[PDB]
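**Q**
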Amino acid sequence: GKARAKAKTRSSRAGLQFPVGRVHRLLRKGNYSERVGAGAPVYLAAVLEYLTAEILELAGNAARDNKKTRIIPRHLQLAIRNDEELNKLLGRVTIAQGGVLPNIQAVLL
Amino acid sequence: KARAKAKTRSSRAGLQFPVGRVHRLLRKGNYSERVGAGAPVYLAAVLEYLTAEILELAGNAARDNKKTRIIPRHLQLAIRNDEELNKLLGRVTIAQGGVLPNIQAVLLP
Amino acid sequence: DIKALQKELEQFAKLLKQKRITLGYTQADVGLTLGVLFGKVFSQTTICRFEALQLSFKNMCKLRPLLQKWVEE
Amino acid sequence: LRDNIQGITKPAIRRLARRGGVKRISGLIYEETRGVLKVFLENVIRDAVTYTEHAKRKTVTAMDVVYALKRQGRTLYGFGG
Amino acid sequence: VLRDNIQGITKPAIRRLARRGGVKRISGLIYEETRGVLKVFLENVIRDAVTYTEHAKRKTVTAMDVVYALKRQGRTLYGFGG
Amino acid sequence: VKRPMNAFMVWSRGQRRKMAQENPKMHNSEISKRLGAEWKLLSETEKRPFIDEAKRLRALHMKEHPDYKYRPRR
Amino acid sequence: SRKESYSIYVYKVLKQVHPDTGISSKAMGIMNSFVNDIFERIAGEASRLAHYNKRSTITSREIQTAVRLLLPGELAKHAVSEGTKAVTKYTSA
Amino acid sequence: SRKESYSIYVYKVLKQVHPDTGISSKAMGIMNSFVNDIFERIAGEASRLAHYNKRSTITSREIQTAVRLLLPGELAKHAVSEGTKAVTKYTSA
Amino acid sequence: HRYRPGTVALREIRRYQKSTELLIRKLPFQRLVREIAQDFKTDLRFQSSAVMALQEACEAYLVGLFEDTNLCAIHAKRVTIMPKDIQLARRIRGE
Amino acid sequence: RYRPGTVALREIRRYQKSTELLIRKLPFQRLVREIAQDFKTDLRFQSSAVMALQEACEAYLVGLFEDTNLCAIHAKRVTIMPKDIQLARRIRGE
DNA sequence: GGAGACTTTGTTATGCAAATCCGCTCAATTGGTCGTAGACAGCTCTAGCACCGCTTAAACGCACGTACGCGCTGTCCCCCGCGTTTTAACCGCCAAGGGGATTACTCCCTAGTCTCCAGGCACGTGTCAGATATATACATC
DNA sequence: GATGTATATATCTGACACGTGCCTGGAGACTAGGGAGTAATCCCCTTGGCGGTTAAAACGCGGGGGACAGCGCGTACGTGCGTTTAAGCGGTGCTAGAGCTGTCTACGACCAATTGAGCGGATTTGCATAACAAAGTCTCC
Numbered sequence: 009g010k011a012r013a014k015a016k017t018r019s020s021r022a023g024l025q026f027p028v029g030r031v032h033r034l035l036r037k038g039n040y041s042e043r044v045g046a047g048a049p050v051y052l053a054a055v056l057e058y059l060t061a062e063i064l065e066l067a068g069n070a071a072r073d074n075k076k077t078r079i080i081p082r083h084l085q086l087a088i089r090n091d092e093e094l095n096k097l098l099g100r101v102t103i104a105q106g107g108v109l110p111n112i113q114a115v116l117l
Numbered sequence: 010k011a012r013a014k015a016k017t018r019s020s021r022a023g024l025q026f027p028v029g030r031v032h033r034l035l036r037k038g039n040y041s042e043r044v045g046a047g048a049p050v051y052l053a054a055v056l057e058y059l060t061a062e063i064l065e066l067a068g069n070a071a072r073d074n075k076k077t078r079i080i081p082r083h084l085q086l087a088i089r090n091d092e093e094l095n096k097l098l099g100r101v102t103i104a105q106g107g108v109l110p111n112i113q114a115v116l117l118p
Numbered sequence: 138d139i140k141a142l143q144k145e146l147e148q149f150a151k152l153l154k155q156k157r158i159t160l161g162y163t164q165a166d167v168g169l170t171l172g173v174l175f176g177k178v179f180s181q182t183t184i185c186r187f188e189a190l191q192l193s194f195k196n197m198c199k200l201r202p203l204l205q206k207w208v209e210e
Numbered sequence: 023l024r025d026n027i028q029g030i031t032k033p034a035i036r037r038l039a040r041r042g043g044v045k046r047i048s049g050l051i052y053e054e055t056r057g058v059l060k061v062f063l064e065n066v067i068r069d070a071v072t073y074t075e076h077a078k079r080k081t082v083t084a085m086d087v088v089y090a091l092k093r094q095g096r097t098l099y100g101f102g103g
Numbered sequence: 022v023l024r025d026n027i028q029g030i031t032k033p034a035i036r037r038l039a040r041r042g043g044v045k046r047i048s049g050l051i052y053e054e055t056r057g058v059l060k061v062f063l064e065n066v067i068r069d070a071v072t073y074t075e076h077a078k079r080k081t082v083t084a085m086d087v088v089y090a091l092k093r094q095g096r097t098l099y100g101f102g103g
Numbered sequence: 041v042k043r044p045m046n047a048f049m050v051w052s053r054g055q056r057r058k059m060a061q062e063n064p065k066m067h068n069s070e071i072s073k074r075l076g077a078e079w080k081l082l083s084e085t086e087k088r089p090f091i092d093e094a095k096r097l098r099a100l101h102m103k104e105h106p107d108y109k110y111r112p113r114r
Numbered sequence: 033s034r035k036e037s038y039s040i041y042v043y044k045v046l047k048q049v050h051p052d053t054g055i056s057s058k059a060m061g062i063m064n065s066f067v068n069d070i071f072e073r074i075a076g077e078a079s080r081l082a083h084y085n086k087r088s089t090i091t092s093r094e095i096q097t098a099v100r101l102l103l104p105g106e107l108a109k110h111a112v113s114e115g116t117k118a119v120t121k122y123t124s125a
Numbered sequence: 033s034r035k036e037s038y039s040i041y042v043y044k045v046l047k048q049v050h051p052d053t054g055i056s057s058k059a060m061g062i063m064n065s066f067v068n069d070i071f072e073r074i075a076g077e078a079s080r081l082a083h084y085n086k087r088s089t090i091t092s093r094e095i096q097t098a099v100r101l102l103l104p105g106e107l108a109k110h111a112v113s114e115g116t117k118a119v120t121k122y123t124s125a
Numbered sequence: 040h041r042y043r044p045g046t047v048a049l050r051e052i053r054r055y056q057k058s059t060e061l062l063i064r065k066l067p068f069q070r071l072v073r074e075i076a077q078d079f080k081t082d083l084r085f086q087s088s089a090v091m092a093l094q095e096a097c098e099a100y101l102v103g104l105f106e107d108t109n110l111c112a113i114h115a116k117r118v119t120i121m122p123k124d125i126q127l128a129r130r131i132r133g134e
Numbered sequence: 041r042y043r044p045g046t047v048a049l050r051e052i053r054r055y056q057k058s059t060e061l062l063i064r065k066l067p068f069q070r071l072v073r074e075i076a077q078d079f080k081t082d083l084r085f086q087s088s089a090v091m092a093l094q095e096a097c098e099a100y101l102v103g104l105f106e107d108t109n110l111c112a113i114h115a116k117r118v119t120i121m122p123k124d125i126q127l128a129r130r131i132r133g134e
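Protein chains in written order, with full-length UniProt numbering: chain A, 9 to 117; chain B, 10 to 118; chain C, 138 to 210; chain D, 23 to 103; chain E, 22 to 103; chain F, 41 to 114; chain G, 33 to 125; chain H, 33 to 125; chain I, 40 to 134; chain J, 41 to 134.
1. Counting along the chain, where does the alpha helix (DSSP H) carrying B:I112 start and finish?
2. Count Cβ pairs between the segment 91-106 of chain G and the segment 45-60 of chain A that sit closer than 8 Å; are there 3 or more?
3. Per the contact definition of three or more C-beta pairs closer than 8 Å, is the segment 36-49 of chain E in contact with the segment 104-124 of chain J?
4. Under 9 Å between beta-carbons, which chain A residues line up against H:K109? List them in chain order, please.
5. Leaving aside the five residues before and after F:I91 along the sequence, list all residues of the same chain whose C-beta is less than 7 Å from its C-beta, in chain order.
6. Looking at C-alpha atoms only, which residue of B:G107, B:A54 and B:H32 is the closest neighbour of B:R89?
7. Out of curiosity, what's the CA-to-CA distance linking G:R93 and B:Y40?
8. Below 8 Å, how does it come out for the segment 109-126 of chain I and the segment 26-38 of chain E: are there three or more Cβ pairs, yes or no?
9. When you compare only the Cα positions, how much space is there between I:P67 and J:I63?
10. Which chain D residues sit within Cβ distance under 8 Å of I:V118?
11. Interface residues of chain C around F:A99 at Cβ under 7 Å?
12. Please work out which residues of its chain come closer than 7 Å, Cβ to Cβ, to G:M60, disregarding the five sequence neighbours upstream and downstream, and give them in chain order.
13. List the residues that DSSP assigns as beta-bridge partners of B:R78.
14. State yes or no: is the beta carbon of H:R34 nearer than 8 Å to at least one beta carbon in chain E?
15. Give the residues from the segment 52-86 of chain E that approach chain H closer than 7 Å (Cβ to any Cβ), ordered along the chain.
16. In chain order, what are the residue ranges of uninterrupted beta strand (DSSP E) at least 3 long that sit wholly in the segment 45-99 of chain I?
17. Give the residues of chain G in contact with B:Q113, contact being defined as C-beta atoms less than 7 Å apart.
18. Please name the residue, chosen from F:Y110, F:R53, F:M49 and F:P106, that lies closest to C:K156 on a Cα-to-Cα basis.
19. Residues of chain D with CB under 9 Å from residue 119 of chain A, in chain order?
20. Under 7 Å Cβ-Cβ, which residues of chain E neighbour B:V108?
21. Against A:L116, what residues of chain D qualify as contacts under a CB-to-CB distance less than 7 Å, listed in chain order?
22. Interface residues of chain E around J:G45 at Cβ under 7 Å?
23. Give, in chain order, every residue of the segment 58-82 of chain G whose Cβ lies closer than 7 Å to some Cβ of chain E.
24. With a CB to CB cut of under 7 Å and the five nearest residues on each side skipped, what residues in its chain are close to C:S180?
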């Protein structure tokens, strides 16, 4: 894995930015199972972090294309719809104030 | 209903479906930490109602086709020719169900 | 004395402005220069509000030593 | 209240249609579109009201709307949830 | 090793399905398009059925793995367990 | 009291005057688009004399009007 | 190896609605998938309602709300009426 | 009165990905809904797998299987690699 | 001076595709929501956020419907959308 | 000889009334195995797993043909073409 | 006869919302004990694979003719775009008060344990409703 | 008149409906401990109204572009017919692997004490925008 971690929290040991202890609590709470294994919140926090990073990266690139330094709902919508895997994962999601993509059928020109 | 005289819970409730089993299935399965006393009674009554409704319609289909027995096809006809059940079961595939005899008018001579 | 402080800050900001203009520098340059000298980079919005004294007394006092250095350099 | 369905005016219908890429709209679209909108709203509102009532509240909140939409396969992001 | 069994879905298999669906006439290119569609549907259902099978550490795909694979896609199937 | 010219402005009225003389009766929106593009394509060395003139003009402007405050309004 | 199903109960209902009609084993396999599917959906929604309102108990009220959200048209009304009677009678018996 | 969210962690990730880009509050509201929705789907499927295989415990294996079932293509593959690595580092000395 | 028909329609299509604001005016939308709600139960109140959530969802729905409606019209070799293109899109879709 | 369309209408009624599988069983199994082999080698199938896959596949294709037929009618045709299949899939969201 | 629109870049000021800081709370981290869920080894014996040979129903190829798809023309409806009139949305501000959230008590309902025993299930009998085959007549093309 | 489908008989078969005896999950009665319900308090956000500005909606008109109906070719599909293929059935056999049980240990729940990461509420600070320098040309009040 990554070379090291010494700090006390679980997120630090796992090399993550996302919380681990919180994830564990949320898994214990709403009746998903009677028991939650030690690696369950670690593995899951890493996955959520990965997916979070991809959307933000793509949205940030959209912001630069519009010559802005900020992510707004529109940039998130473009980031998702111009990426096939995210588009499938989030295919049914309505993003408030996200707008639409500029698709004009050629037959109308 | 006027009365019951038995030791079982299904009898007290005037039901044919088991009550104790429903309670057991609600406790197991992680639906909640607790299951209230009326929860399996109310639920058993609902399952019984819906079961009775399908069978009555399927039985009528069997007689229309001049049969004494219900087969998967009659269950399909009973459901598809009834709007409320069709919505409830709109995505259900019935093994050996068959289809309704729908022919578009534009195809006819 | 808040009035004595106000006068000192007004005088400082005025000297800062006069040197900035005399030497041909923009508010953007004061901002960038401070970043290089201190690690704390300021935008021209901050420099404008400082010169206009639209900032709190504490911010002006805290930023002043950095701006004093800017004038000297 | 009565007849507020007419508050969805022709230009509203057209602007939505344009966003969707429609170049020409026949004259009967306006009524058909209103019928569609109304059905969508009744189904979403009815469920939001049902959640509101279950909880014994009198005010429909954003979350009741969000759950009503989630159940229809229309997950909405940005209003809580 | 198996190959080219997509052709096992013969023209009459396609025609019969189309007729059950009420189709009166079929273009000559339907046959190929239909095969492409069937194959995609099967790959997605099989892939999930295999995934459930591996999780459970079995080597045999059972009816239940197929049923969960289908349930998951919004296609509940009745009569093989559920 | 009017504002001092910046480096673009010192350069552009010099070049705008040239453009107007070479091509009189040319609309300034054409001249301005061309001047904008040329400025963007200039090196720091090429811009430098206008930068230095702009610096001098700003200092002179302040000395001429030490009490000038730019007050734009909506 | 022991399994549970509702074939007894389905059969008993059939004889009340149609005393002279039988049911094939494949038809019975379908009725069992049906009962299990409805059970899960109602129980699933009732679970969610309890969670949403920060409760840990499923009562007859959640089951009733879940029925209204899941069943269309008049199925919801008749199912609610029947559930109400079963609880009422049970309580008093 | 206290309500939790992932706003702080989302910000921290944005910093590493794009050091000079900020995020609006509305965009953050969307990112919080995104994380909550993915969390529930994965946790939901992992729960179902444990039930199907008659286990009472959710472990990293169910989470991994749930990830493969829910995420498409290469998105799933890279997510699996990151999860595997984090667990390995976590349990390692 | 005049533009030929369709010139403006294309400008509008680009304009509306680029922007993100709501297209249905808010007060009449809000009254429609209340009218419907009264039939289900009287004396309900709504949070302003509930109304906004409904509106956002409604427009997203109608916009998606128009995209599919438009495809149906193209399939039929038309530019103009008609009620039947809406109905076909809904039926195939499953509504 | 019968005129074109007499037989097709006959067959439509016949297939709508019956319930049997239309795709031959052994060809279907080989297709299932071929696909499964690409995902993982040495898998076995229960006979009931294959039947579940086959019932689902036919139900899927039949439903697709019904929507395909509507599209062809909309376009004022009787004959179904690849584009009607594609339109139906696109509207559905595949 | 005079103002202002129109265009370019770069420096200044300005409204609002986002990034950063402080102090305090309370959810996350140690560290230890307990009990049981699940890993592992070993056994039975189900049911899934593989091959062979025969019948025979369905698939395959090819010839023929015509019903349908496609392109073209021409007519008339009806939707677009413009400019003018009218209407109701939107903006601020204000007051009134109903319902949502919080807190602190109280009593009832459900989990858990233990006991008892009859309703439900594999397994073996016993009877028949509709398929399979023949022969008659009418429905549809 | 020719080609298909439903209806009047006789027989038997796989499939169902019934009855024993054996558990093993369902029901009854106690107890304890938390959860949900009640009443009383605060005060935040909702409704409702008011007047004024003006941006969007409504209306009419005329003109062009597109929907629509009708026609005529030509080829791509259906429908028969005879030959060929491979499915389906039954039979024999083997053995991998599902499914079960029984020990035993590492794993996670639970508790109680401790402590730093994260929360809200202030407070700093940047983005995003827009006004204006010069200058000449053209437009409108």
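Think of the CB as a built atom: it goes at the ideal place given N, C-alpha and C, for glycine as much as any other residue.
**A** Inspection of the coordinates gives the following:
1. No alpha helix (DSSP H) contains B:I112, which DSSP labels as neither H nor E.
2. no
3. yes
4. Within chain A, no residue comes near H:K109; the closest Cβ sits about 10 Å away, beyond 9 Å.
5. Cβ neighbours of F:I91 beyond the five flanking positions: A47.
6. B:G107
7. 15 Å
8. no
9. 55 Å
10. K45 and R46
11. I158, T159 and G161
12. If the five residues before and after G:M60 are omitted, its C-beta is found closer than 7 Å to the C-beta atoms of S39 and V42, all from its own chain and listed in chain order.
13. G:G54
14. no
15. Going along the segment 52-86 of chain E in chain order, one finds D69, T72, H76 and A77 with a Cβ nearer than 7 Å to chain H.
16. Taking only runs of at least 3 residues, no beta strand (DSSP E) segment lies wholly in the segment 45-99 of chain I.
17. Under the 7 Å cutoff, chain G gives no residues; its nearest Cβ is about 27 Å from B:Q113.
18. Of F:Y110, F:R53, F:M49 and F:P106, the residue nearest in Cα terms is F:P106.
19. Residue 119 of chain A falls outside the range modelled here, since chain A spans only 9 to 117, and no answer is possible.
20. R41
21. Per Cβ cutoff of 7 Å: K45.
22. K45
23. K58, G61, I62, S65, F66, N68 and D69
24. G168
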